[PDB]
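Starting off, we have a lone chain in the form solved without its partner chain, written out as structure tokens.
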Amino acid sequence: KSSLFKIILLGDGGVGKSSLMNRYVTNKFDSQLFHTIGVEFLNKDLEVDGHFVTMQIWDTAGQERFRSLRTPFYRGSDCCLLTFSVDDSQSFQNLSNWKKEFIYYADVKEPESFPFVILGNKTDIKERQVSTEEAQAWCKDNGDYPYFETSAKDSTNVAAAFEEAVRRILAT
């Protein structure tokens, strides 16, 4: 890694990737966001351990039709925020596919230990389709990844999630 910590968000369309980035960077939420087409990135600088970090967050299209727009920018990522929505079972069932897509196109230095952090977003929705138990189980079984239940809407665990991504990058 260079000093610029590259954190990339991947996950199905509608799961809340753009909202998560926008909540963390600008502390805003929009109930009417449109689908992402080309990738977007934003810088964010702060202290995590009480130590100075410069990150660049890369937001990508979740929709299959835009795969070719996002895959060129996987390379050089330091951590991947694999995102699903707790109200969307298919988004969770697709996690393994997303991990495989990342690894294939990222060509990272050693794929076995690459840092993923898993976000089950929209935790504010009580009518969930995905259980915390099964999500925790997937994280354990597929690399013992950190798991966060998040809400871009009410801010729950959004900063926690990005802060953990930084903690997973630091050791390299």
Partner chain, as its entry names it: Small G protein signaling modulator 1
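Numbering follows the first chain given and starts at 1.
Keep in mind that the form deposited with its partner chain bound is not shown, yet the notes after this line are about it.
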Contact test in the deposited bound form: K109 vs its partner chain, heavy atoms, 4.5 Å: no
4.5 Å heavy atom contact, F29 and its partner chain in the deposited bound form: no
is_contact(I37, its partner chain) in the deposited bound form, heavy atom dist at most 4.5 Å: yes
Contact flag, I103 vs its partner chain in the deposited bound form, heavy atom cut 4.5 Å: no
Stretch from 46-54, 65-73, 134-142, 118-126 whose residues place a heavy atom within 4.5 Å of its partner chain in the deposited bound form: 65-73
Stretch 3-22: residues contacting its partner chain in the deposited bound form, 4.5 Å heavy atom cut-off: none
